[PDB]
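Residue numbers run from 1 in the order of the sequence given.
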Amino acid sequence: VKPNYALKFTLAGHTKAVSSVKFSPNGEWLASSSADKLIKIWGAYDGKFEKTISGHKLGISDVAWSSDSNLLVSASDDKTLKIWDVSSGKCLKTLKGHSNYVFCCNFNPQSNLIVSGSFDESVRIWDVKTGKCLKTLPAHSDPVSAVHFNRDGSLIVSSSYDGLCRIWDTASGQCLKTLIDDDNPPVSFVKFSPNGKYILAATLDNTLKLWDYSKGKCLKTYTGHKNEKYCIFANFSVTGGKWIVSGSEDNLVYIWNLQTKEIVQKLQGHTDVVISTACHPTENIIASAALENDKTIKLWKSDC
Ligand SMILES: Cc1cccc(C(=O)Nc2cc(-c3cnc4ccccc4c3)ccc2N2CCN(C)CC2)c1
Ligand SMILES: [Cl-]
């Protein structure tokens with residue numbers, strides 16, 4: 001069983017490298033962030049450009065949606081995160097506290113907290129309503145590449161160039177688990193599975209790994225792509241077949257069968273490193289986004 005993702009739309013508009021694409025929880029919208037300091041909103045089903053959101057003083061590495069598809073948070077080189085009202089485009093809060101570039105961000109499912117990771121080697125947990133920093137976790141000893149809440153928001157997973165992936169108790173800020181590798185290549189990406197039982201982690205040695213969080217055991221490895229420089233975002237695809245989806249430094253989107261680990265599709269068309277991919281919440285739709293020699297987002301659709 002293989003997917004048949006085919007190109008549907010190419011979304012042009014960003015004037016510099018695109019860093020992150022995310023589908024709204026309600027499936028309605030795609031948000032993109034870019035080195036051009038802009039957030040753009042696009043229709044998920046027709047690819048139609050909606051609006052430009054601006055205010056960051058420097059490039060934006062990441063953007064994430066609240067549970068109600070009404071708010072966005074962005075992580076910038078200007079050392080801030082911003083919370084935005086999607087419908088008005090207005091900046092609601094500026095989250096200040098990191099001492100350097102902010103690279104990654106997420107709302108908890110309840111969408112009252114935001115977690116961020118920074119070049120400053122810390123993970124911060126912020127109050128959505130007030131914008132105040134609630135906790136600063138001495139998370140890592142190198143830049144933090146990814147931060148993600150599990151399904152009930154009770155855990156955070158973080159990854160860093162220090163070679164570790166850590167799991168944190170949200171309430172107390174205590175580290176519950178460290179995943180260590182003997183060679184410790186930089187961990188460039190991490191995310192929980194939809195059910196929260198597993199973690200998917202990328203390392204900068206051309207490798208994706210599925211870890212049993214509960215047991216601390218690697219269950220799967222996914223290879224064949226190129227990933228030795230960029231923090232490339234990867235995904236579980238669960239709407240049709242059960243896939244792993246990633247960008248790659250050879251300008252392709254890679255799709256693997258989660259259980260067998262076999263490459264099932266490679267998506268051709270981008271003209272630069274595919275740094276971001278997103279999987280639609282309800283439909284078999286992938287968004288992909290590439291760096292400065294491409295600057296476009298592509299939307300792909302499959303029957304399974
Ligand atoms: C504005 C913009 C546009 C296009 C790409 C990037 C970028 O690549 N992001 C970034 C950078 C780094 C990073 C930068 N310096 C570093 C210096 C020393 C050691 C480690 C470092 C890690 C880490 C993460 C990230 N991201 C990539 C996009 N992703 C959605 C979240 C995380 C940003
Ligand atoms: Cl995500």
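- Of the possible polar contacts, one joining the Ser19 side chain to the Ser33 backbone as a donor-acceptor pair under 3.5 Å is found.
- Here the side chain of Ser193 pairs a donor or acceptor atom with the backbone of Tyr198 at under 3.5 angstrom.
- Inter-residue side-chain proximity for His225 and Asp250 is flagged as unmet; no heavy-atom pair is nearer than 4.5 Å.
- The minimum heavy-atom distance between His270 and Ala290, with the atom names listed, is ND1-CB, 3.5 Å.
- Looking at heavy atoms from C-beta onward, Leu258 lies in side-chain contact with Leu210 at the 4.5 angstrom threshold.
- Residues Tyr213 and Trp211 keep their aromatic ring centres 6.0 Å or farther apart.
- Between the side chains of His148 and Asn106, no donor-acceptor pair of N or O atoms lies under 3.5 Å.
- No path of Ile, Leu, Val, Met, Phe, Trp and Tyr side chains, each step under 4.5 Å between heavy atoms, connects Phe103 with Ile156, placing them in separate hydrophobic clusters.
- Inter-residue side-chain proximity for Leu95 and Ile83 is flagged as met; some heavy-atom pair is nearer than 4.5 Å.
- Not a single donor-acceptor pair under 3.5 Å links the side chain of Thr80 to the backbone N or O of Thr94.
- For the side-chain contact (heavy atoms from CB on, under 4.5 Å) test, residues two or more places apart in sequence or in another chain that qualify with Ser116 are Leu81, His98, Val102, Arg124, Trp126.
- When the shell of 6.0 Å around CD of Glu292 is examined, it contains 12 or fewer heavy atoms from other residues, nucleotides or ligands.
- Heavy-atom minimum distance, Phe119 versus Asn100: CD2-ND2, 3.4 Å.
- Taking the side chain as every heavy atom from C-beta outward, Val264 and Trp243 approach each other to under 4.5 Å.
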Worksheet item: Could you walk me through whether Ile125 and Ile114 pass the side-chain contact (heavy atoms from CB on, under 4.5 Å) check?
Response: CA-CA 6 Å; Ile125 301 161; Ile114 284 163; over 6 Å; no
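- No side-chain heavy atom of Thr10 sits less than 4.5 Å from a side-chain heavy atom of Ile297.
- For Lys295, the salt bridge (charged side-chain N to carboxylate O under 4.0 Å, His left out) criterion is met by no residue, not counting sequence neighbours.
- Heavy-atom minimum distance, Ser74 versus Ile39: CB-CD1, 3.6 Å.
- The two residues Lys191 and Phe233 have their closest heavy-atom pair at NZ-CE2, 4.1 Å.
- Taking the six-membered ring where the residue is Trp, the centroids of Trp300 and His280 are separated by 6.0 Å or more.
- Heavy-atom contacts from other residues, nucleotides or ligands closer than 6.0 Å to NZ of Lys8 number 12 or fewer.
- No side-chain donor-acceptor contact under 3.5 Å links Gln174 and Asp169.
- Not one N or O on the side chain of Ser145 forms a donor-acceptor pair closer than 3.5 Å with the backbone of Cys231.
- Counting heavy atoms from C-beta on, the side chains of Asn293 and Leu291 never come closer than 4.5 Å.
- Residues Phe236 and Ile244 form a side-chain contact, since some pair of their non-hydrogen atoms from C-beta on lies under 4.5 Å apart.
- Under the 4.5 Å side-chain contact rule for hydrophobic residues, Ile60 and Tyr101 do not share a cluster.
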Worksheet item: So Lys37 and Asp78, salt bridge (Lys or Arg N to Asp or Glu O under 4.0 Å) or not? Walk me through it.
Response: CA-CA 10 Å; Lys37 315 181 191 66; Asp78 72 12; over 6 Å; no
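- Between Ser188 and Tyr230, the closest heavy-atom pair is CB-O, 4.2 Å.
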